[PDB]
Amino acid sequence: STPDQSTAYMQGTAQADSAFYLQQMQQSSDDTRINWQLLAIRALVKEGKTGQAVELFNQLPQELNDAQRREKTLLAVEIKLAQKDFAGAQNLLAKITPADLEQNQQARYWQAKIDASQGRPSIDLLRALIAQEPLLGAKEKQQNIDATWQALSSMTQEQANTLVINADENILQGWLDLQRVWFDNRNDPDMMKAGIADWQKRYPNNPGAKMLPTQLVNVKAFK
């Protein structure tokens, strides 16, 4: 559609801090102001200013368009996570259909699911990291990839043996294969490196094949 003052920021193709958004909010009215207000809430949450995020969220007009209301529901999750209301966050997340969101919103939707797990390795966390990775820019992928690896390497052989994946989860299957490579060769750095190289040729589409977990590249060992 026709771009307005805040399109890029709303869509996540540009970023600014809450001070900027609040300044623009004070120089606008009507829907332009609502958009800046929604962005201020988003930035306030990110910056740790939970009180002001809540208050500005409570000052949102009742008459929002569909795009503005969808953003409001997503901000509601981020606020509850900031308030440590993980139970309330899970309840709101369950009522959201990820397909109905834009990429930036989908990336934040999955980040909310990742945050809800609190680094607890489970199949749910792996799926959330895997679903988010295609939505992230190159400079934000490594962080996601490294979190995926920590979750995998934090499991035991027994815990991983109990995982049940679906036939169409080829990326997760590839991750679990590398996990096994780690279980089997972690006592031989030279064979570990070769096992990783063969895995990269087994699952060349896996994000970790093109961008190895930092933990597996930066390793020590002895002569």
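Residues carry their position along the shown sequence, with the first being 1.
Novice: Between 43 to 51 and 183 to 191, name whichever shows the higher mean Cα B factor according to the PDB entry.
Specialist: The recorded data point to 183 to 191.
Novice: Can you let me know which of the two, 72 to 80 or 110 to 118, has the higher average C-alpha B-factor in the entry?
Specialist: Result of the comparison: 110 to 118.
Novice: From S154, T162, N65, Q59, pick the one with the largest CA B-factor in the entry?
Specialist: Max CA B-factor in the entry, restricted to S154, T162, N65, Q59: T162.
Novice: Using only the C-alpha B-factors in the record, can you name which of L126, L135, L101, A147 has the highest?
Specialist: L101 has the highest C-alpha B-factor of those listed.
Novice: Would you please rank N218 by its C-alpha temperature factor against the other modelled residues of its chain and give the third it falls in: lowest, middle or highest?
Specialist: Top third by C-alpha B-factor.
Novice: Thinking about Cα B factors across the chain, which third does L92 belong to?
Specialist: According to the entry, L92 has a C-alpha B-factor in the chain's highest third.
Novice: By its CA B factor, does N205 count among the lowest, middle or highest third of the modelled residues in the chain?
Specialist: Highest third of the chain for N205's C-alpha B-factor.
Novice: Considering only modelled residues of the same chain, in which third does the CA B-factor of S6 rank: lowest, middle or highest?
Specialist: For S6, the deposited C-alpha B-factor lands in the middle third.
Novice: Determine, from the deposited record, the chain-internal third of the Cα B-factor for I171: lowest, middle or highest.
Specialist: For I171, the deposited C-alpha B-factor lands in the middle third.
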